[PDB]
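If you're matching them up, the sequences are chains A, L and H in order. Letter by letter, the first sequence follows residues 21 to 80, 89 to 245, 252 to 370, 375 to 405 of PDB author numbering. Residue numbering for the second sequence follows PDB author numbering, beginning at 1 and increasing consecutively. Letter by letter, the third sequence follows residues 1 to 84, 89 to 128 of PDB author numbering. Beta carbons are placed, not taken as given, at the ideal position from N, Cα and C, and that holds for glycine.
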Amino acid sequence: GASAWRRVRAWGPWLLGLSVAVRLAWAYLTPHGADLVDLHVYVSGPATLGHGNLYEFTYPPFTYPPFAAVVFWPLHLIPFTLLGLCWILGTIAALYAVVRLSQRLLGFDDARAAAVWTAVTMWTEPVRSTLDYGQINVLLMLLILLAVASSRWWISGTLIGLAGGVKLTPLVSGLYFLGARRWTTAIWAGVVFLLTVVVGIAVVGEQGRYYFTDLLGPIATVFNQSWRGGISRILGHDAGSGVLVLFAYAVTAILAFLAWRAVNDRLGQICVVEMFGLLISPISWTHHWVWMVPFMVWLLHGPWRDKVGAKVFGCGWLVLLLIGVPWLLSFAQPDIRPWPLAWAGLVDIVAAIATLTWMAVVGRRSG
Amino acid sequence: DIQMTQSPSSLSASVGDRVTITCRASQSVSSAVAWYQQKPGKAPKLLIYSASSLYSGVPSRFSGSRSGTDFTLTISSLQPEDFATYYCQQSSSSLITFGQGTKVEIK
Amino acid sequence: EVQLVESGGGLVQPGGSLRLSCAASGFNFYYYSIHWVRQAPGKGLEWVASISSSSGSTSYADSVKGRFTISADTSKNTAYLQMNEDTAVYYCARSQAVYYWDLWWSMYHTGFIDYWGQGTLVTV
Numbered sequence: 021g022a023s024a025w026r027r028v029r030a031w032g033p034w035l036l037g038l039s040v041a042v043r044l045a046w047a048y049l050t051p052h053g054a055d056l057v058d059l060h061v062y063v064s065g066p067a068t069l070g071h072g073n074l075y076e077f078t079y080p089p090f091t092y093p094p095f096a097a098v099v100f101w102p103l104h105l106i107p108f109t110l111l112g113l114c115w116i117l118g119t120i121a122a123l124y125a126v127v128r129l130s131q132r133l134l135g136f137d138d139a140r141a142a143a144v145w146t147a148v149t150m151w152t153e154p155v156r157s158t159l160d161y162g163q164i165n166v167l168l169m170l171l172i173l174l175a176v177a178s179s180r181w182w183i184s185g186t187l188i189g190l191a192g193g194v195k196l197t198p199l200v201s202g203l204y205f206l207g208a209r210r211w212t213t214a215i216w217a218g219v220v221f222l223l224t225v226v227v228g229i230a231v232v233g234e235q236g237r238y239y240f241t242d243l244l245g252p253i254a255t256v257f258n259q260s261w262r263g264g265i266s267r268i269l270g271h272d273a274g275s276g277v278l279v280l281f282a283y284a285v286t287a288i289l290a291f292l293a294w295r296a297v298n299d300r301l302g303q304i305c306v307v308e309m310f311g312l313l314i315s316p317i318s319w320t321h322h323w324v325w326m327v328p329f330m331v332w333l334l335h336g337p338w339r340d341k342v343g344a345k346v347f348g349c350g351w352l353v354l355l356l357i358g359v360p361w362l363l364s365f366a367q368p369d370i375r376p377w378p379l380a381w382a383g384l385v386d387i388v389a390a391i392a393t394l395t396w397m398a399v400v401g402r403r404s405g
Numbered sequence: 001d002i003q004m005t006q007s008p009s010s011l012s013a014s015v016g017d018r019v020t021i022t023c024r025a026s027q028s029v030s031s032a033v034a035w036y037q038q039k040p041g042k043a044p045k046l047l048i049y050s051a052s053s054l055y056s057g058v059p060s061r062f063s064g065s066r067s068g069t070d071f072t073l074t075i076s077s078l079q080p081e082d083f084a085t086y087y088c089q090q091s092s093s094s095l096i097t098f099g100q101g102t103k104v105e106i107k
Numbered sequence: 001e002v003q004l005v006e007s008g009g010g011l012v013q014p015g016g017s018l019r020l021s022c023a024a025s026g027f028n029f030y031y032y033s034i035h036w037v038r039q040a041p042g043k044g045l046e047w048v049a050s051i052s053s054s055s056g057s058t059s060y061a062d063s064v065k066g067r068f069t070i071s072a073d074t075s076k077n078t079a080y081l082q083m084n089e090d091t092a093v094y095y096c097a098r099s100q101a102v103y104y105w106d107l108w109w110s111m112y113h114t115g116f117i118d119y120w121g122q123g124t125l126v127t128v
């Protein structure tokens, strides 16, 4: 029984050190293995400063706030190969730090167990596809977790503001921070965000206002795993603000609220908040689902570890994420729908809905 | 090391009387303070933890504290005669220190 | 449910060594911490040592002569090993840790849960 689990993590560092060698070989020994198109867009964007426009840019477009351009400006000096070498190492280092933060938030620590966890979960579909393009999701997750784990107002506020300046999606953590009654954190984060907007306006040729105006002014693919994507896939035409999308998001709001009320610890609350944010977002690719690792760790090591439901859900989530159902379906997706194939693009949505319902019911029956 | 000081002067154990005990600390223990109750010949038992969080299952010692570098317990009633010895500690400096403080009944 | 039992009490001589044992039932050591507290006869409580049961043992106060190891998942054993102080009564208790990060990692303890154990009668 427990004898098998004990001896596996006694040699955590070399299984982490074994998968990294395979990961750094796949990129540098396969055709189209180390293109890093997103890192290319990140770097070759701020190069057009002092001449031309950063938004009249194409790469065989840059649609990030000017604060990101200011941040990435001191990156075109370094040769691209060295930066590409360092980026992946930073990514796995951030993942290891995230697992360590989750362990400490539970109430214990173990370096070997964290190494084994990172080695096992490095190849999950969201994490697997995250570092294929060169995205920055893991760093933002690490920043949010560091802000959550801290106890000082200024540290957390500055971390949240800086994380939300570069990308506009990780501003949903304010919902959790208001839920935990940690006031003045939202105020300091808002001040930091406004200073980031001001400096972005000042550094570039007043392009931030135009960027925000254009922001207000494909989604039918199978990679998009949000409500809008699934409704559009089933219907065949764009859903938008339809007569069922309001009910579809409506009932997910109430399920998320009930599930949040069920749990009464930091990691569970932040996991439910991030799941709600993932489900509500209009465009949420599969690489945005890197938040299922802390949720899995909470399922396996949290207070509810004594139930035989939590175990079933954890194992099912692990196998489902490892298999990668939408990636498999992507080979059948038409260019622009047979219903046995169109009805399978909602597996992650139904899994999340079932998890929310189960947590809500077990929270209700416990009073 | 962070020392502790109390005022072992509680007496007369009159039924329904209020109780106040002070644990005067040094340095900064932050909010990592707990209190215990022990009867003669028996092991102690936790009463209040986190310096402001009451436990689950203590009906006769419903109180709190201040957390402003000085800690008090408001034992509103003394119905079961609550004859025991109470202690305060800290668990912040990687070392744990205790105190004193008993209660006696009327003559 | 949760139980803690001690057995290593005796009448050791002024010089030598002895060991203690505090077993458990109904929970797992991987999520909690174990401490030992002693009390001289006619005096107050005094803390001796602390452990994490997941990473390692520290906090040996100033009379540093004990060992205080744990054999996790092997009969749920907690054992102390003294190389000599004075007559007292020793207890074993359980607690939980809380972590915080302010430019560096600091931690404290929640407080020993009501799951205490009865004492021993060691005597030099």
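Proximal residues of chain H, C-beta to C-beta of residue i below 8 Å
i: L:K45; result: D118, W120
i: A:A177; result: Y103, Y104, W105
i: A:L174; result: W105
i: A:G135; result: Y31, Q100, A101, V102, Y103
i: L:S50; result: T114, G115
i: A:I183; result: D106, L107
i: L:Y87; result: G44, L45
Chain A within 8 Å of residue i, Cβ atoms only
i: H:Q39; result: no
i: H:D90; result: no
i: H:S50; result: no
i: H:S57; result: no
Test: residue i CB closer than 8 Å to a CB of chain H
i: L:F83; result: no
i: L:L11; result: no
i: A:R132; result: yes
Within-8 Å CB hit, residue i to chain L
i: residue 140 of chain H; result: The structure shown has nothing for residue 140 of chain H, since chain H only spans 1 to 128.
i: H:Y95; result: yes
Contacts that residue i makes with chain H (C-beta to C-beta distance below 9 Å)
i: A:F205; result: Those within 9 Å of A:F205 in chain H number zero; the least Cβ separation is about 16 Å.
i: A:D138; result: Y30, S54, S55
i: L:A32; result: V102, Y112, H113, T114, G115
Residue i: contacting residues in chain A (beta-carbon distance under 7 Å)
i: H:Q13; result: The contacting residues do not exist; H:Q13 stays about 39 Å from chain A at best.
i: H:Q3; result: Under the 7 Å cutoff, chain A gives no residues; its nearest Cβ is about 18 Å from H:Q3.
i: H:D73; result: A22, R26
Residue(s) in a DSSP beta bridge with residue i
i: H:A101; result: H:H113
i: L:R24; result: L:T5, L:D70
i: residue 135 of chain H; result: Residue 135 of chain H lies beyond the stretch modelled for chain H, which goes from 1 to 128, so this question has no answer here.
i: H:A24; result: H:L4
i: H:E46; result: H:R38
i: H:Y94; result: H:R38
i: A:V176; result: DSSP lists no partner for A:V176.
Contacts of residue i in chain H (Cβ-Cβ under 7 Å)
i: L:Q100; result: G44
i: L:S91; result: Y112, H113
i: A:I188; result: Correct list: empty, because the minimum Cβ distance to chain H is about 15 Å.
i: A:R180; result: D106
Proximal residues of chain L, C-beta to C-beta of residue i below 8 Å
i: H:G123; result: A43
i: H:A61; result: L95
### Message
Between the region 264-274 of chain A and the region 131-146 of chain A, can you find at least three pairs of beta-carbon atoms closer than 8 Å?
### Response
By the C-beta criterion, the region 131-146 of chain A is judged not to be in contact with the region 264-274 of chain A, since fewer than 3 inter-stretch pairs fall below 8 Å.
### Query
Do the region 24-36 of chain A and the region 91-103 of chain A touch if we need at least three Cβ pairs shorter than 8 Å?
Touching, no, given that fewer than three Cβ pairs across the two stretches are closer than 8 Å.
### Contiguous alpha helix (DSSP H) assignments of at least 4 residues, all confined to the region 187-232 of chain A
Inside the region 187-232 of chain A, DSSP marks whole alpha helix (DSSP H) runs of 4 or more residues at positions 201-207, 213-231, from first to last along the chain.
### the region 38-56 of chain H / the region 91-105 of chain L touching (three or more Cβ pairs under 8 Å)
The region 38-56 of chain H vs the region 91-105 of chain L: in contact.
### Query
What are the start and end residues of each continuous alpha helix (DSSP H) run of 4 or more residues lying completely inside the region 135-161 of chain A, in chain order?
List check, alpha helix (DSSP H) in window: 139-149, 153-161.
### Message
Any contact between the region 357-365 of chain A and the region 378-386 of chain A? By contact I mean 3 or more CB pairs, one from each, below 8 Å.
### Response
Per the Cβ contact rule, the region 357-365 of chain A is in contact with the region 378-386 of chain A (3 or more Cβ pairs under 8 Å).
### Message
I'd like the ranges of any alpha helix (DSSP H) spanning at least 4 consecutive residues and lying wholly in the region 72-107 of chain L.
### Response
Qualifying alpha helix (DSSP H) stretches: none in this window.
### Message
Under 8 Å, with one C-beta from each stretch per pair, do the region 45-64 of chain A and the region 148-167 of chain A reach the 3-pair mark?
### Response
Touching, yes, given that three or more Cβ pairs across the two stretches are closer than 8 Å.
### Query
Quick check: the region 61-76 of chain L against the region 11-25 of chain L, are there 3 or more CB pairs under 8 Å?
Enough Cβ pairs lie closer than 8 Å, so yes.
### Query
Should the region 300-314 of chain A be called in touch with the region 200-214 of chain A, which here means at least 3 C-beta pairs below 8 Å?
In short, these stretches touch, since the Cβ pair count reaches three.
### Query
Do the region 347-355 of chain A and the region 214-229 of chain A make contact, defined as three or more Cβ pairs closer than 8 Å?
No: the two stretches stay apart, fewer than three of their Cβ pairs being nearer than 8 Å.
### Task
Could you tell me whether the region 75-82 of chain H touches the region 17-24 of chain H, where touching means 3 or more Cβ pairs closer than 8 Å?
Counting Cβ pairs under 8 Å, three or more are found: they touch.
### Message
Quick check for students: name the residue ranges of the alpha helix (DSSP H) that lie wholly in the region 25-50 of chain A, counting only runs of 4 or more.
### Response
Counting only runs that start and end inside the region 25-50 of chain A, the alpha helix (DSSP H) elements of at least 4 residues fall at 32-46.
### Query
Does the region 79-98 of chain L touch the region 20-40 of chain L, meaning 3 or more C-beta pairs lie closer than 8 Å?
Using a C-beta cut-off of 8 Å, the region 20-40 of chain L makes contact with the region 79-98 of chain L, since at least three inter-stretch Cβ pairs fall below that distance.
### Task
Could you tell me whether the region 176-190 of chain A touches the region 146-162 of chain A, using the rule of 3 or more Cβ pairs below 8 Å?
Pairwise C-beta distances place the region 176-190 of chain A out of contact with the region 146-162 of chain A, as fewer than three of them are shorter than 8 Å.
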